[PDB]
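Written out below as structure tokens is the structure these notes cover.
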Amino acid sequence: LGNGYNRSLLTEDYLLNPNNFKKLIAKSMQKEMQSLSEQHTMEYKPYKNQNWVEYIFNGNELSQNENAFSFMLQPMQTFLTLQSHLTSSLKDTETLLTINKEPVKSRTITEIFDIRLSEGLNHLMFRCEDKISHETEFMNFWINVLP
Amino acid sequence: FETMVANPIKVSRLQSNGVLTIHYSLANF
Amino acid sequence: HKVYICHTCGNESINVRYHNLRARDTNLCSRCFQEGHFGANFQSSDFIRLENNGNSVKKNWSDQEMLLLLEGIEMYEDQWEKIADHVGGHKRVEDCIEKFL
Amino acid sequence: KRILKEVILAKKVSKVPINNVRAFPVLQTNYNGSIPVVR
Amino acid sequence: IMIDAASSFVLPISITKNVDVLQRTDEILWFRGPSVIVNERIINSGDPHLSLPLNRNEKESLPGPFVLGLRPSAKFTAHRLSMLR
Amino acid sequence: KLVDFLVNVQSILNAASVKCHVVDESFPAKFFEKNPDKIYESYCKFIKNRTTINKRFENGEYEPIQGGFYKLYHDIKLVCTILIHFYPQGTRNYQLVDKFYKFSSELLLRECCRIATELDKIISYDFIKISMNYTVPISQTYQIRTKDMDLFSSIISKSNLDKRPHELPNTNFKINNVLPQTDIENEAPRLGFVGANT
Ligand SMILES: [Zn+2]
């Protein structure tokens, strides 16, 4: 098994929706949920009609042979943001993020990006590595955006 | 493995709808 | 007995197809419908569970056959051979006209 | 509808027959397909 | 917007050694998008967890998803199996 | 009140076991009475160290108490893990035991019930959260990068009680987890949309 190959970096990843999409609409029946597979709880909060879902990934007890994840987002939800809680920013950790090929730099331990998606599927490759210790971890997110 | 173009399975709509499953109607020798 | 080639793959449906009501000339297997392999245009509401088996003794006219007859009449507006095969091919022209009247 | 209720409250008439269609309509979940659109 | 795209693919290498659990053609079918997992098909349309009445921050850990799915009670199923024979 | 509540489960679990014969499988005493997360490791230790489920009711092994059904749940999960590990992952008697475990665990969870984020900093400031949370088990699909087509697989019918290491027919495969989508169903269109005049 690769569960003993669990992730030593990457405490938390957040695919929370941006505040622009809320601020341009709103100016709520919440439903938290967890998936029976160690971690990766998924919470959301619609109201009777916007949703503002949020996908969190607490990778302290995920495996690393199982990198990619897949979910489905609705056509009003085209914009996204992260929140990347690493363990410790000891070294100059390289955090690049290619949606399909284009790397996303930043918004400016915790680094925030800016994500704008298109219709159909997406790849959204994410990885972290150390300069000195020379160890890599990978994350993939198959986002199916509805037409 | 990344140079391994896959084979599309085409459905051909008239085959999907109503295909049944000629000498066995004995009128043609 | 006909054969129903499952759309979006090449498989054969066993005894239950899932008829689509907006392309109107496609079908699906059960497994391609449980997982949602029917394209992001359709919405899993417009798929009616139809059967494939030969029904009972004639002049019963189950709701599946009535629905497919009315689908055929909306399709072709004539051409009662193309209506009677779309019912399933186990009914004659001279009985589909006697039932639509 | 009040009056037909009250006798059933009061008299307990010997049959009060039961005939139901033994089904009732419920909503069911819908979901889009996962294969993306082709233009 | 087209309809008649293929949207399923087959690789030429016969890897049919450890694959009896997947969906086979009769090879392995490889689609153009993922699957969709649906928890329960039938919505439970009342139930103020979902209906949200306008009268009267609280959490509740309900047992399973089976509250929201119209399951029959077991006494009816035993009654119907008694009516079986 | 708990008299018929064993009789009905007996009748249902007998009649729903014809095609697979789970109930008539051999099962010795196996006194564990443990944490159900330890339910395979304890039987692994029982394999390392050293009366069937139908006959347990005929001997009256179950009382009208909480333990009197906790033992029944324990026995079902043991027999289902045994029948999962016994067969290969593709046989029909693998999937029948998986479906029977799902059905019986759902049947036994109910009727004993009768008997840090900037978006959260905006919304918990702006709204009131009445809530509801639950657990589902996810499943997996495979993943392939071909020349610009980027395919996917079907759902593996590997059960949630398999515990085996992940074998792969190719090392150019990848594996992914499918998060199930769940919410109030998006308002479906009316019947005038489905079946208009063409
Ligand atoms: Zn199919």
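Here, A, B, ... name the chains of the structure tokens in the order displayed, residue numbers run from 1 inside each chain, and ligands are numbered from 1 in the same displayed order.
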Any idea what's packed within 10 Å of range 6-21 of chain C, counting only C-alpha atoms, ignoring anything in its chain fewer than 6 positions away? Could you give it as a PDB file with N, CA, C and O atoms, in the first residue's frame?
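Everything below was put into around_15.pdb:
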```
ATOM      1  N   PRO B   8     -11.325   5.837 -31.900  1.00  0.00           N
ATOM      2  CA  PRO B   8     -12.713   6.213 -31.623  1.00  0.00           C
ATOM      3  C   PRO B   8     -13.689   5.123 -32.033  1.00  0.00           C
ATOM      4  O   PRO B   8     -13.584   4.514 -33.099  1.00  0.00           O
ATOM      5  N   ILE B   9     -14.652   4.879 -31.150  1.00  0.00           N
ATOM      6  CA  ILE B   9     -15.773   3.990 -31.426  1.00  0.00           C
ATOM      7  C   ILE B   9     -16.920   4.857 -31.916  1.00  0.00           C
ATOM      8  O   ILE B   9     -17.484   5.643 -31.146  1.00  0.00           O
ATOM      9  N   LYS B  10     -17.263   4.723 -33.191  1.00  0.00           N
ATOM     10  CA  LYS B  10     -18.336   5.501 -33.790  1.00  0.00           C
ATOM     11  C   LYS B  10     -19.641   4.731 -33.665  1.00  0.00           C
ATOM     12  O   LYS B  10     -19.663   3.504 -33.809  1.00  0.00           O
ATOM     13  N   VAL B  11     -20.723   5.457 -33.398  1.00  0.00           N
ATOM     14  CA  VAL B  11     -22.004   4.841 -33.090  1.00  0.00           C
ATOM     15  C   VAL B  11     -22.885   4.684 -34.325  1.00  0.00           C
ATOM     16  O   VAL B  11     -23.553   3.642 -34.451  1.00  0.00           O
ATOM     17  N   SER B  12     -22.850   5.642 -35.266  1.00  0.00           N
ATOM     18  CA  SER B  12     -23.556   5.590 -36.549  1.00  0.00           C
ATOM     19  C   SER B  12     -25.058   5.446 -36.349  1.00  0.00           C
ATOM     20  O   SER B  12     -25.599   4.354 -36.541  1.00  0.00           O
ATOM     21  N   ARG B  13     -25.708   6.551 -35.950  1.00  0.00           N
ATOM     22  CA  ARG B  13     -27.036   6.688 -35.340  1.00  0.00           C
ATOM     23  C   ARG B  13     -28.116   5.717 -35.812  1.00  0.00           C
ATOM     24  O   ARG B  13     -28.914   5.234 -35.001  1.00  0.00           O
ATOM     25  N   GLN B  15     -27.597   2.721 -36.756  1.00  0.00           N
ATOM     26  CA  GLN B  15     -27.335   1.423 -36.144  1.00  0.00           C
ATOM     27  C   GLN B  15     -27.818   1.380 -34.701  1.00  0.00           C
ATOM     28  O   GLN B  15     -28.220   0.320 -34.208  1.00  0.00           O
ATOM     29  N   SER B  16     -27.779   2.518 -34.007  1.00  0.00           N
ATOM     30  CA  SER B  16     -28.152   2.555 -32.599  1.00  0.00           C
ATOM     31  C   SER B  16     -29.646   2.380 -32.365  1.00  0.00           C
ATOM     32  O   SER B  16     -30.034   1.936 -31.280  1.00  0.00           O
ATOM     33  N   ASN B  17     -30.486   2.712 -33.343  1.00  0.00           N
ATOM     34  CA  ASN B  17     -31.928   2.816 -33.102  1.00  0.00           C
ATOM     35  C   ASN B  17     -32.632   1.462 -33.181  1.00  0.00           C
ATOM     36  O   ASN B  17     -33.149   0.964 -32.177  1.00  0.00           O
TER      37      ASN B  17
ATOM     38  N   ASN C  27     -30.051   5.633 -27.402  1.00  0.00           N
ATOM     39  CA  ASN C  27     -30.359   4.792 -26.254  1.00  0.00           C
ATOM     40  C   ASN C  27     -29.121   4.748 -25.370  1.00  0.00           C
ATOM     41  O   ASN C  27     -28.080   5.305 -25.716  1.00  0.00           O
ATOM     42  N   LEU C  28     -29.230   4.077 -24.225  1.00  0.00           N
ATOM     43  CA  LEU C  28     -28.078   3.861 -23.359  1.00  0.00           C
ATOM     44  C   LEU C  28     -28.231   2.529 -22.638  1.00  0.00           C
ATOM     45  O   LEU C  28     -29.329   1.982 -22.527  1.00  0.00           O
ATOM     46  N   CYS C  29     -27.113   2.012 -22.138  1.00  0.00           N
ATOM     47  CA  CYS C  29     -27.148   0.885 -21.214  1.00  0.00           C
ATOM     48  C   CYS C  29     -27.478   1.392 -19.815  1.00  0.00           C
ATOM     49  O   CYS C  29     -27.642   2.589 -19.575  1.00  0.00           O
ATOM     50  N   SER C  30     -27.564   0.466 -18.863  1.00  0.00           N
ATOM     51  CA  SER C  30     -27.769   0.865 -17.480  1.00  0.00           C
ATOM     52  C   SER C  30     -26.504   1.465 -16.883  1.00  0.00           C
ATOM     53  O   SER C  30     -26.574   2.456 -16.150  1.00  0.00           O
ATOM     54  N   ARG C  31     -25.341   0.891 -17.200  1.00  0.00           N
ATOM     55  CA  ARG C  31     -24.101   1.316 -16.565  1.00  0.00           C
ATOM     56  C   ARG C  31     -23.622   2.662 -17.092  1.00  0.00           C
ATOM     57  O   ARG C  31     -23.049   3.449 -16.332  1.00  0.00           O
ATOM     58  N   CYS C  32     -23.867   2.963 -18.367  1.00  0.00           N
ATOM     59  CA  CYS C  32     -23.525   4.282 -18.882  1.00  0.00           C
ATOM     60  C   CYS C  32     -24.464   5.362 -18.362  1.00  0.00           C
ATOM     61  O   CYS C  32     -24.113   6.545 -18.412  1.00  0.00           O
ATOM     62  N   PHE C  33     -25.639   4.986 -17.862  1.00  0.00           N
ATOM     63  CA  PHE C  33     -26.574   5.934 -17.271  1.00  0.00           C
ATOM     64  C   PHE C  33     -26.373   6.111 -15.772  1.00  0.00           C
ATOM     65  O   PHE C  33     -26.627   7.202 -15.250  1.00  0.00           O
ATOM     66  N   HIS C  37     -22.340   9.042 -18.503  1.00  0.00           N
ATOM     67  CA  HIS C  37     -21.467   9.122 -19.670  1.00  0.00           C
ATOM     68  C   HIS C  37     -22.219   9.589 -20.904  1.00  0.00           C
ATOM     69  O   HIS C  37     -21.872   9.213 -22.022  1.00  0.00           O
ATOM     70  N   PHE C  38     -23.243  10.414 -20.751  1.00  0.00           N
ATOM     71  CA  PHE C  38     -24.118  10.749 -21.864  1.00  0.00           C
ATOM     72  C   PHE C  38     -23.979  12.208 -22.272  1.00  0.00           C
ATOM     73  O   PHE C  38     -24.892  12.799 -22.848  1.00  0.00           O
ATOM     74  N   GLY C  39     -22.828  12.806 -21.999  1.00  0.00           N
ATOM     75  CA  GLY C  39     -22.576  14.151 -22.472  1.00  0.00           C
ATOM     76  C   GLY C  39     -23.211  15.233 -21.626  1.00  0.00           C
ATOM     77  O   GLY C  39     -24.324  15.068 -21.123  1.00  0.00           O
ATOM     78  N   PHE C  42     -27.122  16.889 -21.930  1.00  0.00           N
ATOM     79  CA  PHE C  42     -28.308  16.284 -21.357  1.00  0.00           C
ATOM     80  C   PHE C  42     -28.173  16.206 -19.840  1.00  0.00           C
ATOM     81  O   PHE C  42     -27.087  16.362 -19.278  1.00  0.00           O
ATOM     82  N   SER C  44     -30.027  14.002 -17.390  1.00  0.00           N
ATOM     83  CA  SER C  44     -30.510  12.795 -16.703  1.00  0.00           C
ATOM     84  C   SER C  44     -31.971  12.837 -16.270  1.00  0.00           C
ATOM     85  O   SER C  44     -32.439  11.920 -15.587  1.00  0.00           O
ATOM     86  N   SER C  45     -32.698  13.884 -16.637  1.00  0.00           N
ATOM     87  CA  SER C  45     -34.142  13.895 -16.472  1.00  0.00           C
ATOM     88  C   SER C  45     -34.838  13.371 -17.710  1.00  0.00           C
ATOM     89  O   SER C  45     -35.894  12.738 -17.605  1.00  0.00           O
ATOM     90  N   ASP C  46     -34.255  13.617 -18.877  1.00  0.00           N
ATOM     91  CA  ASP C  46     -34.842  13.221 -20.152  1.00  0.00           C
ATOM     92  C   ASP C  46     -34.280  11.877 -20.620  1.00  0.00           C
ATOM     93  O   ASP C  46     -33.699  11.740 -21.692  1.00  0.00           O
ATOM     94  N   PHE C  47     -34.490  10.868 -19.780  1.00  0.00           N
ATOM     95  CA  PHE C  47     -34.137   9.492 -20.118  1.00  0.00           C
ATOM     96  C   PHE C  47     -35.180   8.588 -19.481  1.00  0.00           C
ATOM     97  O   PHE C  47     -35.219   8.463 -18.254  1.00  0.00           O
ATOM     98  N   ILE C  48     -36.003   7.969 -20.296  1.00  0.00           N
ATOM     99  CA  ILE C  48     -37.024   7.059 -19.795  1.00  0.00           C
ATOM    100  C   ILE C  48     -36.516   5.630 -19.897  1.00  0.00           C
ATOM    101  O   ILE C  48     -35.972   5.210 -20.922  1.00  0.00           O
ATOM    102  N   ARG C  49     -36.681   4.884 -18.807  1.00  0.00           N
ATOM    103  CA  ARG C  49     -36.353   3.464 -18.746  1.00  0.00           C
ATOM    104  C   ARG C  49     -37.323   2.694 -19.631  1.00  0.00           C
ATOM    105  O   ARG C  49     -38.471   2.461 -19.250  1.00  0.00           O
ATOM    106  N   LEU C  50     -36.868   2.280 -20.809  1.00  0.00           N
ATOM    107  CA  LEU C  50     -37.672   1.416 -21.655  1.00  0.00           C
ATOM    108  C   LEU C  50     -37.115   0.002 -21.622  1.00  0.00           C
ATOM    109  O   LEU C  50     -35.942  -0.224 -21.318  1.00  0.00           O
ATOM    110  N   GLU C  51     -37.970  -0.953 -21.954  1.00  0.00           N
ATOM    111  CA  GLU C  51     -37.587  -2.351 -21.971  1.00  0.00           C
ATOM    112  C   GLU C  51     -37.258  -2.790 -23.393  1.00  0.00           C
ATOM    113  O   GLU C  51     -37.453  -2.056 -24.365  1.00  0.00           O
ATOM    114  N   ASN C  52     -36.748  -4.011 -23.511  1.00  0.00           N
ATOM    115  CA  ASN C  52     -36.433  -4.598 -24.799  1.00  0.00           C
ATOM    116  C   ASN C  52     -37.116  -5.935 -25.018  1.00  0.00           C
ATOM    117  O   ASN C  52     -37.111  -6.433 -26.149  1.00  0.00           O
ATOM    118  N   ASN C  53     -37.698  -6.526 -23.980  1.00  0.00           N
ATOM    119  CA  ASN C  53     -38.242  -7.871 -24.073  1.00  0.00           C
ATOM    120  C   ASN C  53     -39.566  -7.872 -24.820  1.00  0.00           C
ATOM    121  O   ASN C  53     -40.291  -6.873 -24.840  1.00  0.00           O
ATOM    122  N   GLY C  54     -39.867  -9.003 -25.452  1.00  0.00           N
ATOM    123  CA  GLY C  54     -41.168  -9.224 -26.046  1.00  0.00           C
ATOM    124  C   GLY C  54     -42.261  -9.269 -24.999  1.00  0.00           C
ATOM    125  O   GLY C  54     -42.179 -10.040 -24.040  1.00  0.00           O
ATOM    126  N   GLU C  71     -44.384   8.991 -30.105  1.00  0.00           N
ATOM    127  CA  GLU C  71     -43.086   9.499 -30.548  1.00  0.00           C
ATOM    128  C   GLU C  71     -42.911   9.337 -32.050  1.00  0.00           C
ATOM    129  O   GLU C  71     -42.395  10.237 -32.722  1.00  0.00           O
TER     130      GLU C  71
ATOM    131  N   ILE D  35     -19.173  13.863 -19.784  1.00  0.00           N
ATOM    132  CA  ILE D  35     -18.426  14.086 -21.026  1.00  0.00           C
ATOM    133  C   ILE D  35     -18.675  15.510 -21.508  1.00  0.00           C
ATOM    134  O   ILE D  35     -19.842  15.916 -21.643  1.00  0.00           O
TER     135      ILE D  35
ATOM    136  N   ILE E   3     -23.660  16.414 -31.651  1.00  0.00           N
ATOM    137  CA  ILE E   3     -24.129  15.300 -30.844  1.00  0.00           C
ATOM    138  C   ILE E   3     -23.308  14.041 -31.098  1.00  0.00           C
ATOM    139  O   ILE E   3     -22.972  13.313 -30.160  1.00  0.00           O
ATOM    140  N   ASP E   4     -22.915  13.806 -32.349  1.00  0.00           N
ATOM    141  CA  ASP E   4     -22.396  12.518 -32.794  1.00  0.00           C
ATOM    142  C   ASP E   4     -20.887  12.363 -32.609  1.00  0.00           C
ATOM    143  O   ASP E   4     -20.258  11.655 -33.404  1.00  0.00           O
ATOM    144  N   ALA E   5     -20.288  13.013 -31.613  1.00  0.00           N
ATOM    145  CA  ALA E   5     -18.908  12.717 -31.260  1.00  0.00           C
ATOM    146  C   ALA E   5     -18.789  11.297 -30.703  1.00  0.00           C
ATOM    147  O   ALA E   5     -19.768  10.686 -30.265  1.00  0.00           O
ATOM    148  N   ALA E   6     -17.562  10.773 -30.723  1.00  0.00           N
ATOM    149  CA  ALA E   6     -17.339   9.387 -30.316  1.00  0.00           C
ATOM    150  C   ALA E   6     -17.421   9.236 -28.802  1.00  0.00           C
ATOM    151  O   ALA E   6     -18.234   8.458 -28.289  1.00  0.00           O
ATOM    152  N   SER E   7     -16.559   9.957 -28.078  1.00  0.00           N
ATOM    153  CA  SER E   7     -16.523  10.057 -26.614  1.00  0.00           C
ATOM    154  C   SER E   7     -16.290   8.718 -25.917  1.00  0.00           C
ATOM    155  O   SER E   7     -16.635   8.563 -24.743  1.00  0.00           O
ATOM    156  N   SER E   8     -15.719   7.742 -26.615  1.00  0.00           N
ATOM    157  CA  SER E   8     -15.169   6.553 -25.981  1.00  0.00           C
ATOM    158  C   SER E   8     -14.034   6.044 -26.850  1.00  0.00           C
ATOM    159  O   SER E   8     -14.083   6.124 -28.080  1.00  0.00           O
ATOM    160  N   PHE E   9     -13.001   5.528 -26.197  1.00  0.00           N
ATOM    161  CA  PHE E   9     -11.778   5.187 -26.899  1.00  0.00           C
ATOM    162  C   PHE E   9     -11.242   3.875 -26.347  1.00  0.00           C
ATOM    163  O   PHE E   9     -11.514   3.498 -25.205  1.00  0.00           O
ATOM    164  N   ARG E  24     -15.797  -3.634 -19.531  1.00  0.00           N
ATOM    165  CA  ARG E  24     -15.186  -4.140 -20.747  1.00  0.00           C
ATOM    166  C   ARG E  24     -16.184  -4.084 -21.897  1.00  0.00           C
ATOM    167  O   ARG E  24     -17.399  -4.082 -21.687  1.00  0.00           O
ATOM    168  N   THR E  25     -15.657  -4.001 -23.122  1.00  0.00           N
ATOM    169  CA  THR E  25     -16.509  -3.892 -24.337  1.00  0.00           C
ATOM    170  C   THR E  25     -17.161  -5.241 -24.662  1.00  0.00           C
ATOM    171  O   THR E  25     -18.405  -5.306 -24.669  1.00  0.00           O
ATOM    172  N   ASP E  26     -16.350  -6.269 -24.921  1.00  0.00           N
ATOM    173  CA  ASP E  26     -16.872  -7.573 -25.281  1.00  0.00           C
ATOM    174  C   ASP E  26     -17.487  -7.609 -26.667  1.00  0.00           C
ATOM    175  O   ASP E  26     -18.708  -7.587 -26.814  1.00  0.00           O
ATOM    176  N   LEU E  29     -12.885   0.039 -22.076  1.00  0.00           N
ATOM    177  CA  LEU E  29     -13.456   1.277 -22.584  1.00  0.00           C
ATOM    178  C   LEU E  29     -12.846   2.455 -21.838  1.00  0.00           C
ATOM    179  O   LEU E  29     -12.754   2.435 -20.607  1.00  0.00           O
ATOM    180  N   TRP E  30     -12.423   3.476 -22.576  1.00  0.00           N
ATOM    181  CA  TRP E  30     -11.783   4.654 -21.994  1.00  0.00           C
ATOM    182  C   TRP E  30     -12.548   5.881 -22.478  1.00  0.00           C
ATOM    183  O   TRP E  30     -12.490   6.228 -23.661  1.00  0.00           O
ATOM    184  N   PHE E  31     -13.260   6.536 -21.564  1.00  0.00           N
ATOM    185  CA  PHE E  31     -14.172   7.610 -21.932  1.00  0.00           C
ATOM    186  C   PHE E  31     -13.426   8.940 -21.980  1.00  0.00           C
ATOM    187  O   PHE E  31     -12.228   9.025 -21.703  1.00  0.00           O
TER     188      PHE E  31
ATOM    189  N   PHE F 193     -40.512  21.530 -21.916  1.00  0.00           N
ATOM    190  CA  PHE F 193     -39.162  21.464 -22.456  1.00  0.00           C
ATOM    191  C   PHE F 193     -38.826  20.065 -22.950  1.00  0.00           C
ATOM    192  O   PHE F 193     -38.076  19.914 -23.920  1.00  0.00           O
ATOM    193  N   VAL F 194     -39.365  19.040 -22.300  1.00  0.00           N
ATOM    194  CA  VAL F 194     -39.001  17.650 -22.612  1.00  0.00           C
ATOM    195  C   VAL F 194     -40.137  17.094 -23.461  1.00  0.00           C
ATOM    196  O   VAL F 194     -41.146  16.584 -22.970  1.00  0.00           O
ATOM    197  N   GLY F 195     -39.973  17.193 -24.775  1.00  0.00           N
ATOM    198  CA  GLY F 195     -40.967  16.631 -25.667  1.00  0.00           C
ATOM    199  C   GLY F 195     -41.828  17.651 -26.382  1.00  0.00           C
ATOM    200  O   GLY F 195     -43.030  17.437 -26.566  1.00  0.00           O
ATOM    201  N   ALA F 196     -41.232  18.768 -26.787  1.00  0.00           N
ATOM    202  CA  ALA F 196     -41.960  19.766 -27.550  1.00  0.00           C
ATOM    203  C   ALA F 196     -42.114  19.317 -29.003  1.00  0.00           C
ATOM    204  O   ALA F 196     -41.620  18.265 -29.417  1.00  0.00           O
TER     205      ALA F 196
END
```
Contact set, chain E to chain D: 10 Å, only C-alpha atoms, as JSON, numbers by chain: {"E": [1, 2, 3, 4, 5, 7, 8, 31, 32, 33, 34, 35, 36, 37, 38, 39, 40, 41, 42, 43, 44, 45, 69, 70]}
Atom-to-atom span, CA of residue 84 in chain E and CA of residue 8 in chain F, Å: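 Taking CA of residue 84 in chain E and CA of residue 8 in chain F, their separation equals 14.0 Å.
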Each chain A residue no farther than 9 Å from chain E, nearest pair in Å, only C-alpha atoms, as a tab-separated table:
```
residue	atom	partner	partner_atom	distance
A:29	CA	E:52	CA	8.2
A:70	CA	E:34	CA	7.6
A:71	CA	E:36	CA	8.4
A:72	CA	E:36	CA	8.6
A:121	CA	E:33	CA	7.7
A:142	CA	E:34	CA	8.7
A:144	CA	E:33	CA	8.3
```
How about saving the chosen residues, C-alpha atoms kept, as a PDB file, in the first residue's frame?
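Written output follows (selection-v9.pdb):
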```pdb
ATOM      1  CA  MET A  29     -28.579  26.748   4.643  1.00  0.00           C
ATOM      2  CA  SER A  70     -12.168  14.969  -9.782  1.00  0.00           C
ATOM      3  CA  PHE A  71     -15.367  16.930  -9.158  1.00  0.00           C
ATOM      4  CA  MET A  72     -17.978  18.954 -11.039  1.00  0.00           C
ATOM      5  CA  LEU A 121     -12.522  19.729 -18.248  1.00  0.00           C
ATOM      6  CA  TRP A 142      -9.924  17.401 -12.620  1.00  0.00           C
ATOM      7  CA  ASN A 144     -15.450  19.528 -14.899  1.00  0.00           C
TER       8      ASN A 144
END
```
9 Å contacts from chain F to chain D using only C-alpha atoms, as a ChimeraX atom specification: /F:181,184-188
Shell around range 99-112 of chain A at 8 Å using only C-alpha atoms, local window under 2 positions removed, as a list in words: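 Here the answer would be residues 81, 82, 83, 84, 85, 86, 87, 88, 89, 96, 97, 114, 115, 122, 123, 124 and 125 of chain A.
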Using N, CA and C atoms, can you export the residues from the last selection as a PDB file, in the first residue's frame?
```pdb
ATOM      1  N   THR A  81     -10.136  30.212  -6.133  1.00  0.00           N
ATOM      2  CA  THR A  81      -8.969  30.611  -5.356  1.00  0.00           C
ATOM      3  C   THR A  81      -8.495  29.425  -4.527  1.00  0.00           C
ATOM      4  N   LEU A  82      -7.225  29.457  -4.144  1.00  0.00           N
ATOM      5  CA  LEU A  82      -6.678  28.485  -3.209  1.00  0.00           C
ATOM      6  C   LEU A  82      -6.373  29.114  -1.856  1.00  0.00           C
ATOM      7  N   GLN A  83      -6.010  28.240  -0.923  1.00  0.00           N
ATOM      8  CA  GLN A  83      -5.286  28.630   0.284  1.00  0.00           C
ATOM      9  C   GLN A  83      -4.397  27.439   0.613  1.00  0.00           C
ATOM     10  N   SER A  84      -3.084  27.627   0.533  1.00  0.00           N
ATOM     11  CA  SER A  84      -2.127  26.522   0.565  1.00  0.00           C
ATOM     12  C   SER A  84      -1.352  26.554   1.877  1.00  0.00           C
ATOM     13  N   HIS A  85      -1.891  25.900   2.902  1.00  0.00           N
ATOM     14  CA  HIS A  85      -1.200  25.765   4.178  1.00  0.00           C
ATOM     15  C   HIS A  85      -0.175  24.644   4.069  1.00  0.00           C
ATOM     16  N   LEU A  86       1.090  25.016   3.908  1.00  0.00           N
ATOM     17  CA  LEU A  86       2.187  24.066   3.981  1.00  0.00           C
ATOM     18  C   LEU A  86       2.508  23.760   5.441  1.00  0.00           C
ATOM     19  N   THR A  87       3.409  22.799   5.651  1.00  0.00           N
ATOM     20  CA  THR A  87       3.856  22.484   7.004  1.00  0.00           C
ATOM     21  C   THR A  87       4.710  23.609   7.568  1.00  0.00           C
ATOM     22  N   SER A  88       5.816  23.914   6.894  1.00  0.00           N
ATOM     23  CA  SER A  88       6.754  24.925   7.358  1.00  0.00           C
ATOM     24  C   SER A  88       7.541  25.438   6.163  1.00  0.00           C
ATOM     25  N   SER A  89       7.615  26.762   6.021  1.00  0.00           N
ATOM     26  CA  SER A  89       8.384  27.385   4.944  1.00  0.00           C
ATOM     27  C   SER A  89       9.834  27.510   5.398  1.00  0.00           C
ATOM     28  N   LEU A  96       4.543  26.101  -8.233  1.00  0.00           N
ATOM     29  CA  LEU A  96       3.999  26.481  -9.527  1.00  0.00           C
ATOM     30  C   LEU A  96       2.657  25.796  -9.744  1.00  0.00           C
ATOM     31  N   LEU A  97       1.843  26.401 -10.608  1.00  0.00           N
ATOM     32  CA  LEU A  97       0.470  25.956 -10.815  1.00  0.00           C
ATOM     33  C   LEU A  97       0.069  26.222 -12.255  1.00  0.00           C
ATOM     34  N   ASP A 114      -4.702  32.892  -8.176  1.00  0.00           N
ATOM     35  CA  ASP A 114      -5.915  33.391  -8.816  1.00  0.00           C
ATOM     36  C   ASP A 114      -6.230  32.487  -9.997  1.00  0.00           C
ATOM     37  N   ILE A 115      -7.438  31.927 -10.011  1.00  0.00           N
ATOM     38  CA  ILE A 115      -7.827  30.893 -10.963  1.00  0.00           C
ATOM     39  C   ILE A 115      -9.053  31.361 -11.735  1.00  0.00           C
ATOM     40  N   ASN A 122     -10.566  20.468 -17.034  1.00  0.00           N
ATOM     41  CA  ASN A 122      -9.368  21.230 -16.711  1.00  0.00           C
ATOM     42  C   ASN A 122      -8.394  20.269 -16.052  1.00  0.00           C
ATOM     43  N   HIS A 123      -7.117  20.642 -16.048  1.00  0.00           N
ATOM     44  CA  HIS A 123      -6.104  19.810 -15.411  1.00  0.00           C
ATOM     45  C   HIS A 123      -5.687  20.344 -14.052  1.00  0.00           C
ATOM     46  N   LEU A 124      -5.238  21.604 -13.998  1.00  0.00           N
ATOM     47  CA  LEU A 124      -4.870  22.328 -12.776  1.00  0.00           C
ATOM     48  C   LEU A 124      -3.783  21.577 -11.996  1.00  0.00           C
ATOM     49  N   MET A 125      -2.607  21.499 -12.610  1.00  0.00           N
ATOM     50  CA  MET A 125      -1.485  20.799 -12.002  1.00  0.00           C
ATOM     51  C   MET A 125      -0.869  21.656 -10.908  1.00  0.00           C
TER      52      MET A 125
END
```
Filtered DSSP result for chain D, state helix (DSSP H, G or I), as a PyMOL selection string: chain D and resi 2-10
Residue list for chain B near chain F as a short mmCIF file (atom, residue, chain, number, x, y, z; two decimals) with N, CA and C atoms, in the first residue's frame, 12 Å, only C-alpha atoms:
```cif
data_model
loop_
_atom_site.label_atom_id
_atom_site.label_comp_id
_atom_site.auth_asym_id
_atom_site.auth_seq_id
_atom_site.Cartn_x
_atom_site.Cartn_y
_atom_site.Cartn_z
N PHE B 1 4.53 5.77 -24.19
CA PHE B 1 3.11 5.52 -24.02
C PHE B 1 2.32 6.76 -24.43
N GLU B 2 2.99 7.91 -24.39
CA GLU B 2 2.38 9.19 -24.73
C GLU B 2 2.36 9.47 -26.23
N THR B 3 2.56 8.45 -27.06
CA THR B 3 2.47 8.54 -28.52
C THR B 3 1.57 7.42 -29.05
N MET B 4 0.40 7.27 -28.43
CA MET B 4 -0.43 6.07 -28.57
C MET B 4 -1.89 6.47 -28.83
N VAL B 5 -2.10 7.23 -29.92
CA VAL B 5 -3.40 7.72 -30.39
C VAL B 5 -4.48 6.65 -30.35
N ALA B 6 -5.59 6.95 -29.68
CA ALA B 6 -6.60 5.97 -29.37
C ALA B 6 -7.64 5.87 -30.49
N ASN B 7 -8.39 4.77 -30.47
CA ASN B 7 -9.32 4.46 -31.54
C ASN B 7 -10.72 4.91 -31.16
N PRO B 8 -11.33 5.84 -31.90
CA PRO B 8 -12.71 6.21 -31.62
C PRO B 8 -13.69 5.12 -32.03
#
```
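As for CA of residue 128 in chain A and CA of residue 94 in chain A, they are spaced 5.7 Å apart.
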Expected answer as a PyMOL selection string: strand (DSSP E) residues in chain A: chain A and resi 12-14+34-35+42-43+54-58+68-73+79-81+83-85+94-98+110-111+114-116+125-129+136-145
